[PDB]
Amino acid sequence: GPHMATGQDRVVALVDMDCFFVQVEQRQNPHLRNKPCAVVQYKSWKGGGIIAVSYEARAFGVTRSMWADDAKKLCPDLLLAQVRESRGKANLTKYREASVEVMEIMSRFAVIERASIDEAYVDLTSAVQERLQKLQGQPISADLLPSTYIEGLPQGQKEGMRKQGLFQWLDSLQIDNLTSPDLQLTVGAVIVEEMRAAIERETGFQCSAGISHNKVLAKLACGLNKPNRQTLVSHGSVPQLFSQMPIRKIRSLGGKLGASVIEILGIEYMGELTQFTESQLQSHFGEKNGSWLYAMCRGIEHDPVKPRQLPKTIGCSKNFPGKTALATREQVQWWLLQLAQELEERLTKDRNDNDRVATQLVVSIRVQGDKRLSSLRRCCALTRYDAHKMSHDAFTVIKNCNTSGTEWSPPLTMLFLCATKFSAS
DNA sequence: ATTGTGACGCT
DNA sequence: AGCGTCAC
Ligand SMILES: Nc1ncnc2c1ncn2[C@H]1C[C@H](O)[C@@H](COP(=O)(O)NP(=O)(O)OP(=O)(O)O)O1
Ligand SMILES: [Mn+2]
Ligand SMILES: [Mn+2]
């Protein structure tokens with residue numbers, strides 16, 4: 001009753017760019033704007049692999065991981081932008097820099113946790129407190145929430161329904177209680193409208209957002225009304241939302257763990273999890289996972305918004321599928337040097353921008369016929385940003401996998417170099 | 001012949 | 001440290 005914490009202490013937002021790589025290319029090339037278009041990597045094998053898809057193209061069924069020739073079968077007028085190639089591999093620099101633009105804007109409002117190249121979590125608790133004290137008791141107008149949906153409303157034209165649900169929400173707000181969680185979420189949604197307006201004005205990129213009490217609910221909310229809209233998921237809306245929500249839709253339950261939850265417990269939806277005790281869930285899935293599941297099916301999650309805007313690792317990877325697998329010493333050396341050269345460029349830029357230096361170099365390889373995505377992962381010291389030294393060290397670390405008696409056997413299907421363990425510089 | 005990343009957990 | 005899981 002009174003002593004049961006409800007997970008309503010924080011206001012957390014998740015902001016995620018709409019078809020991000022496509023928007024980057026459309027800003028650069030106006031001919032692609034408001035068109036079915038996609039961003040692809042490489043071009044020889046089946047027109048290239050698709051990695052981003054505009055919503056106009058999604059209406060025809062084009063998806064990520066689709067080959068471009070098959071997408072053209074679905075959408076003959078599909079326009080394509082190619083990822084930059086450098087040193088024989090895809091180079092994502094343009095998208096990382098656009099990401100930095102977005103992150104730097106978001107950092108002006110509150111402390112963000114970079115969750116991916118195109119999304120970040122925001123802890124807005126202090127911001128909502130300050131804004132509530134500054135309001136001094138005046139109500140919140142629907143004009144301050146022009147693109148916000150309230151999940152589970154209305155109850156009892158899409159824009160008409162959105163406005164109806166918003167009016168229902170706002171008419172029920174207790175604006176004199178500065179401690180009301182629903183009011184806090186609402187003021188958070190106002191701040192998030194402002195953040196998304198600033199992002200669009202200063203970059204041209206549109207984004208969606210979720211506003212709730214934790215990271216999981218914020219991300220789930222963000223996905224509900226994409227694109228170019230934001231969604232507030234309140235504590236009280238959790239029972240209904242979760243009553244038909246497949247378990248796999250919740251962050252971290254999309255893989256084998258969610259499948260085991262479904263199979264062992266004989267359930268399909270998130271809300272059904274409430275029928276089990278914490279001890280039962282711990283017995284089936286471990287203490288940490290069990291506590292997490294017991295709280296999460298009730299809308300409660302405590303994972304903090306970490307103050308980390310920069311990545312922790314800088315990596316360079318290339319696959320060599322099929323008959324292109326590396327089978328000679330010279331091939332492995334040359335590709336290790338290409339990877340190390342891109343890595344050195346990015347590492348020097350990172351040192352100059354962020355006042356830090358990586359100290360450990362991770363080398364990973366996949367070998368042909370091996371079932372696992374990574375066949376070997378070994379680390380060595382990273383003492384200077386030199387591509388020749390880094391590639392030589394990677395070769396020294398991996399050379400005992402060659403079972404040949406000039407040749408390389410069995411052939412390598414993936415190379416991977418990663419700089420980690422940063423220290424202030 | 002989804003590719004190229006990046007974070008975090010387990011032992 | 002090296003391997004595995006998960007998303008993005
Ligand atoms: N599997 C993958 N492989 C390579 N690049 C990928 C990728 N998945 C995503 N990217 C790249 C391309 C993506 O543009 C970008 C952000 O990933 P999302 O947010 O998951 N997808 P998007 O922003 O496109 O659309 P929306 O959020 O509106 O549904 O990262
Ligand atoms: Mn996105
Ligand atoms: Mn994303």
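Throughout, protein chains are lettered first and strands after them, A, B, ... in sequence-line order, and every chain is numbered starting at 1. All values below come from the heavy atoms of this structure, side chains included, with hydrogens, waters and symmetry mates left out.
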Against the side chain of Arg346(A), the closest entry in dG6(B), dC8(B), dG4(B) is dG6(B)
Once you round it to whole Å, what is the distance between P of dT3(B) and CG of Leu339(A)?
-> 15 Å
Partners meeting ring-ring contact (aromatic ring centres under 6.0 Å, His included) with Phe422(A) (sequence neighbours left out) = none
Describe the nucleic acid contact of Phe416(A) in one word from base, sugar-phosphate, nothing, applying a heavy-atom distance below 4.0 Å.
-> nothing
Over how many whole Å does the gap from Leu373(A) atom CG to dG6(B) atom P extend?
-> 16 Å
With a 4.5 Å limit on heavy-atom distance, are the side chains of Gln230(A) and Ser208(A) in contact?
-> no
Other residues, nucleotides, ligands: >12 heavy atoms within 6.0 Å of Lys43(A) NZ = yes
Rounded to whole Å, CG of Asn91(A) lies from P of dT3(B) at a distance of 18 Å
From CA spacing to verdict: ring pair (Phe, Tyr, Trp, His ring centres under 6.0 Å), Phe205(A), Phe20(A) = CA-CA 8 Å; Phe205(A) 301 143; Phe20(A) 184 44; 5.7 Å; yes
Looking only at side-chain N and O atoms, does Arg96(A) come under 4.0 Å of OP1 or OP2 in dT5(B)?
-> yes
Residue of the set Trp408(A), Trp335(A), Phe416(A), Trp334(A) for which ring-ring contact (aromatic ring centres under 6.0 Å, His included) holds with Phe320(A) = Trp335(A)
Classify every nucleotide of nucleotides 3-8 of chain C by which part a protein heavy atom approaches to under 4.0 Å, writing B for the base, S for the sugar-phosphate alone and - for neither, in 5'-to-3' order.
-> SSSSSS
Give me the residues of residues 288-318 of chain A where at least one heavy atom lies under 4.0 Å from an atom of DNA chain C, by number, or none.
-> none
Would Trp292(A) and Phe285(A) satisfy ring pair (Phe, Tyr, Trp, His ring centres under 6.0 Å), going step by step from the backbone distance to the final call?
-> CA-CA 10 Å; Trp292(A) 188 84; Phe285(A) 314 113; over 10 Å; no
Provide, to the nearest angstrom, the distance between the CD atom belonging to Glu113(A) and the P atom belonging to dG6(B).
-> 16 Å
